[PDB]
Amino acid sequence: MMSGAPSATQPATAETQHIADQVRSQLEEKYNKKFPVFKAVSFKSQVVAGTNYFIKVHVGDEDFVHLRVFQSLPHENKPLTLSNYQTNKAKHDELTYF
């Protein structure tokens, strides 16, 4: 019926953490902040012409950031991109679409 919505929130795997860690620096360079801790906690996916990942990463103390990461179709062999991020986010803030 409803086509194109992200999945329900799934808890990070090793894949989740690797995808985050790929994009770590791009964040750090856009935010003008170095994150000492960078731990994937949760995710959602959505299927586009590729895959958007929406990732809650524990960065901080009780301090989180949400990531919107673009992964291309395999045949395209483009690197992962940090399309957008959200800052000053909480453990209990819902991963929503942005």
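Each residue number is its position in the shown sequence, starting from 1.
Between the stretches 49 to 57 and 25 to 33, it is 25 to 33 that shows the larger average CA temperature factor. Of the two stretches examined, 70 to 78 and 15 to 23, the record assigns the greater average C-alpha temperature factor to 70 to 78. When the modelled residues of the chain are ordered by their C-alpha B factor, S3 lands in the lowest third.
Per-chain ranking of the deposited C-alpha B factor places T9 in the highest third.
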